[PDB]
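The next block holds one structure in the form of structure tokens; read it before the comments.
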Amino acid sequence: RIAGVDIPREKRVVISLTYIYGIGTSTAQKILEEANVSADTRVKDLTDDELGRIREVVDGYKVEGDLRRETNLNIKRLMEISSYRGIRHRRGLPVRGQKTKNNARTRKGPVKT
Amino acid sequence: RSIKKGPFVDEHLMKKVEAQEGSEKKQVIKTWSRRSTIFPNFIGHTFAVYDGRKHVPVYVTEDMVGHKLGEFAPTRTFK
Amino acid sequence: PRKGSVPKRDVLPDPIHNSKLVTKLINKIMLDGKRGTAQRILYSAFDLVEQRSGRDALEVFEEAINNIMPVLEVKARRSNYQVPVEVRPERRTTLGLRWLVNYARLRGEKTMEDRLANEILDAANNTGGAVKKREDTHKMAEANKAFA
Amino acid sequence: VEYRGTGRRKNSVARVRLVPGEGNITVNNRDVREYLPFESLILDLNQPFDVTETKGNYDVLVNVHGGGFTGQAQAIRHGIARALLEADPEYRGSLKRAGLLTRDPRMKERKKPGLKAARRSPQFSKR
Amino acid sequence: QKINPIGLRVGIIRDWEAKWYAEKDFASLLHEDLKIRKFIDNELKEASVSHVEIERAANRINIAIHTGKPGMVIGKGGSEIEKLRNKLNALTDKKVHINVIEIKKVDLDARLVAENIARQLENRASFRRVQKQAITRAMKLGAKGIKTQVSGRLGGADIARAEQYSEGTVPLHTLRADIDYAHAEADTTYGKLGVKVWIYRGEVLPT
Amino acid sequence: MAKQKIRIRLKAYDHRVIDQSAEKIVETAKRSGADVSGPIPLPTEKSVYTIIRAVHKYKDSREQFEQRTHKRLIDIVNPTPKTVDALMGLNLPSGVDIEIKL
Amino acid sequence: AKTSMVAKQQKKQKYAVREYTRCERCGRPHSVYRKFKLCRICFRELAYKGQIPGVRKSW
RNA sequence: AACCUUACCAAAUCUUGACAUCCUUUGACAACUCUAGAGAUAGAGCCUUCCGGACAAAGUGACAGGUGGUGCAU
RNA sequence: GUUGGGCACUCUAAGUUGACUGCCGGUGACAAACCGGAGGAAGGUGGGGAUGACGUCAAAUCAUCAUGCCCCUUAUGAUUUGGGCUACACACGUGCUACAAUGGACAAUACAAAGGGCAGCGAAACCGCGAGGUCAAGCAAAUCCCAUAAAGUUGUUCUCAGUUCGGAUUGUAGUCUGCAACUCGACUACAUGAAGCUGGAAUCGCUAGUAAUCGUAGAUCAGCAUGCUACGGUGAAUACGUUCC
Ligand SMILES: [Mg+2]
Ligand SMILES: [Mg+2]
Ligand SMILES: [Mg+2]
Ligand SMILES: [Mg+2]
Ligand SMILES: [Mg+2]
Ligand SMILES: [Mg+2]
Ligand SMILES: [Mg+2]
Ligand SMILES: [Mg+2]
Ligand SMILES: [Zn+2]
């Protein structure tokens with residue numbers, strides 16, 4: 001565990017940190033710079049000091065909770081106002097102005113007919 | 001304007017809001033300018049936006065500022 | 001509607017060891033003009049078959065093709081009958097290498113070089129899916145030998 | 001002394017001169033095996049000397065441009081084969097018979113309208 | 001189907017009708033040239049012009065016309081051309097000045113033949129004999145090929161026909177040829193007819 | 001090296017006018033002077049324009065035109081008032097346009 | 001409507017980005033090449049006439 | 001195809017008109033700025049000021065104008 | 001190659017030579033032609049393009065254009081703002097990205113063509129993680145610019161998993177253009193990480209520098225390109241034969 005969530009043992013550090021919601025490759029590299037470990041390491045072999053350096057760096061960064069809250073609350077907000085994007089969120093249709101005549105199936109689900 | 005120039009608002013609309021800045025707010029303001037940005041000086045007003053065949057009412061709130069009037073006058077009626 | 005046989009292409013042998021088959025195999029392996037990647041994995045598989053069977057890669061590779069390189073082949077003619085026929089000596093090599101690389105790609109194990117070495121090795125040991133292709137080919141040729 | 005000769009392949013120009021040496025090719029002040037990746041290209045390039053047995057009698061100096069590595073290598077064997085004529089016209093029969101001195105007429109075709117390439121046409125469907 | 005032979009032969013054995021270089025002011029000068037080529041609506045039906053070669057150089061326009069009737073364009077004493085220049089500077093605003101050169105064997109020229117017979121068809125004469133006398137008089141004047149073609153609501157018909165007659169050799173696929181082409185249109189009350197003509201004169205290479 | 005020079009750029013759309021102007025001005029410069037560097041031609045950069053032959057549909061049937069701006073350089077070394085005068089006093093034909101550099 | 005459109009395009013407009021291009025002898029707004037200010041079909045016509053400098057078929 | 005394009009739609013508007021030819025009155029034309037309006041447009045300061053010949057406007061009737069139909073009239 | 005020096009070589013583009021069954025051998029009704037060979041850079045219309053016959057589809061276009069007839073002329077005409085042509089329960093066509101190890105990421109390094117450029121291309125330097133921004137040089141061209149081509153090659157690391165493949169979708173902070181990017185621009189950074197593990201019946205392109213793959217430029221274009229047109233780099237296999245569609 002690092003940020004209240006497990007991470008793989010056999011994946012290296014830079015990659016394992018990416019299995020948090022909120023933390024990607026860039027942030028992982030920058031975190032490992034700040035809490036200076038090597039990227040080659042693997043968390044089955046890391047020590048208490050290394051792991052705690054990392055935890056200390058990670059605590060400053062919104063992740064595994066507040067990030068889900070930010071996203072959900074932003075969407076609920078734009079729905080509570082009768083906005084275009086929030087109408088689209090309420091209907092299950094694309095938001096960025098794609099065309100729904102064809103090829104919108106991530107937001108529409110599979111083919112219904 | 002999605003950019004360092006600061007937002008966009010049409011000048012006539014700004015003037016009419018400053019005219020309505022006496023806060024009595026008896027009247028709906030009419031408009032066609034969906035292009036404009038909403039400011040915090042529009043709260044508690046009632047704007048009447050042109051969708052293409054109707055000057056439809058929209059009530060302004062504080063959750064509506066980094067947005068546009070056009071977000072609240074859907075031009076496409078689909079059932 | 002076609003005219004006579006137009007001349008076949010040619011190539012030059014590799015300088016690593018001198019044989020046309022290596023270059024032909026390379027061009028067969030190559031995807032999208034990546035002759036280099038072809039050469040690399042083929043060199044590596046010859047190294048690894050020098051390792052596995054401790055003999056000359058030339059010998060064991062020629063032996064592999066000579067096991068997976070048929071002498072018969074069917075066609076279809078007219079109801080449509082399928083008819084055996086003498087294979088051409090060029091088509092022998094063509095089909096041997098073809099089967100070799102296809103089933104090497106389909107061996108489904110880790111790496112391409114290891115696949116190739118395994119398949120030439122099984123060929124030399126008169127096994128493998130390439131040899132299986134040749135088995136089924138002579139099978140359905142002799143079960144249609146009545147139609148020559 | 002020198003024996004000059006031009007070479008061309010696809011969009012390539014290798015001006016080439018042979019000076020008596022041992023068999024080392026420098027290309028724009030670069031060793032040929034470092035310039036070119038694959039030894040197949042050096043074999044193709046040394047093929048003239050391979051036929052005419054003059055393999056170990058010359059060193060080489062090159063200014064090349066245009067095209068890619070295989071193209072300019074084939075340009076180099078062409079320029080070699082045209083310079084060894086100045087060296088020794090007796091080699092001409094071997095080189096003619098072998099196919100060294102033929103400028104390959106091949107050059108990349110032109111995109112034709114309606115077609116996505118020289119030859120390839122759009123996906124045809126009756127519907 | 002087929003194409004304008006003059007367009008195919010441009011650069012090959014006939015010059016453009018427009019000799020001037022320009023890089024920045026180009027299209028402006030082109031539309032100027034086009035206005036000049038338009039302004040011939042003051043003498044087209046009368047003077048029987050063939051074609052116009054506009055040259056431009058050093059603030060000057062060495063235009064040239066080709067006609068069968070130089071008299072109806074010069075006037076009585078050379079005053080009509082100066083009248084033209086003065087009508088035309090008004091729309092050009094450069095040192096305009098016209099040239100005029102003859103074309104003899106007026107009937108051996110393409111656009112002249114065609115617009116002649118279009119004028120005739122607007123005067124309501126029979127298209128068949130019209131084409132026929134054209135081919136005959138041209139081949140008598142000396143022509144190693146003529147072809148003619150008319151298409152429209154012929155005979156005042158409700159449906160349309162094309163016909164065409166020829167004599168000699170008018171090879172359109174050859175590029176040594178120097179075949180002259182033209183096209184015209186007749187405003188008939190039934191609609192619009194379209195003549196053509198493909199006259200061949202004789203092989204001379206200019207280069 | 002460096003020396004005085006009167007250099008000229010010639011541009012038309014076909015070569016038969018460029019050359020038969022250039023040889024003329026060559027002759028004038030070696031009349032009133034000498035030591036002229038003969039004409040250096042240039043890459044002749046053309047400009048392809050592609051069209052659909054049709055009006056409404058049938059895009060797959062095209063047509064290709066081109067201008068070929070044939071560019072021609074001469075450098076007149078020997079500077080003289082005679083040659084500047086002879087070279088400015090001939091601004092012909094219309095098909096070609098010159099450019100002096102002084 | 002082409003004549004009123006030509007009028008509009010031949011006038012200057014309120015803000016410049018609104019400005020645009022339609023051919024001159026025609027008024028076709030599409031596929032206009034601005035080294036000529038000519039639509040493609042009128043371009044083809046005038047080139048076959050030979051009335052454009054330099055242009056001719058290719059290859 | 002953000003506007004324009006753009007034709008379609010809603011609204012606000014115009015009816016010799018957005019464009020052309022002719023006649024009468026005059027006139028050198030704009031532009032710049034202010035108010036109201038969504039702006040097109042109206043109210044203004046406003047000069048735009050004569051280069052037979054020119055410019056624009058204003059009045060008027062011929063006249064315009066139509067990406068409206070017919071490609072089975074051309 | 002920067003200057004000195006030269007136009008050798010390359011390259012550029014004008015004039016020319018050359019491919020003509022022109023020569024030889026053989027076959028054949030000596031003919032026509034065919035097979036093979038020498039020479040030559042190329043040999044049998046050298047490779048490719050442009051060139052599309054009388055005519056067929058009463059094919060398409062009256063919305064490039066013109067045009068007979070008809071129809072509207074306080075309207076079937078014209079101005080402006082705003083919207084829509086970007087909708088979506090679905091079906092089809094044509095292309096792009098992928099499904100991974102002939103591979104992903106990361107550091108170093110290499111070889112092109114062809115094209116465009118004036119209120120337009122914007123070198124270098126600096127700032128910013130990046131899209132970019134400030135100052136600003138050259139450049140109306142073989143001179144300066146777009147512009148470091150990529151695939152590659154050599155190294156490290158990943159280890160056959162919905163993964164370090166994939167990169168949709170969505171949220172945030174931003175840039176550039178524009179009179180204004182919600183309707184409805186592109187691009188960027190961060191975070192998330194969809195189906196998808198090689199595709200049913202069927203079906204398509206291609207015979208050589210071709211398919212396949214890799215990037216590059218231009219037209220339109222204030223801004224927008226997975227398309228269109230052009231460009232070159234690497235570079236196949238197969239074509240026995242006309243039995244059958
Ligand atoms: Mg297509
Ligand atoms: Mg535009
Ligand atoms: Mg619009
Ligand atoms: Mg129809
Ligand atoms: Mg029909
Ligand atoms: Mg009409
Ligand atoms: Mg559409
Ligand atoms: Mg990735
Ligand atoms: Zn036009």
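Numbers run from 1 along the shown chain.
Quick check of the header: electron microscopy, 3.1 Å.
Heads up, the Cβ atoms here are built off N, Cα and C, so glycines get one too.
Copied over from Swiss-Prot:
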type	residues	note
BINDING	G:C23, G:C26, G:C39, G:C42	Zn(2+) binding site
* Residues near G:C23 (Zn(2+) binding site) in space but at least six apart in sequence (CB under 8 A) -> G:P29, G:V32, G:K37, G:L38, G:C39, G:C42
* To do: Out of G:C26, G:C39, give me whichever of these binding-site residues has the highest number of other Cβ atoms within 10 Å.
  => G:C39
* Hey, what's the Cβ neighbour count for G:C42 (Zn(2+) binding site) at 10 Å? -> 18
* **CB-centroid shell, 8 A cutoff, Zn(2+) site G:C23, G:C26, G:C39, G:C42, site residues removed** => G:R22, G:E24, G:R25, G:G27, G:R28, G:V32, G:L38, G:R40, G:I41, G:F43
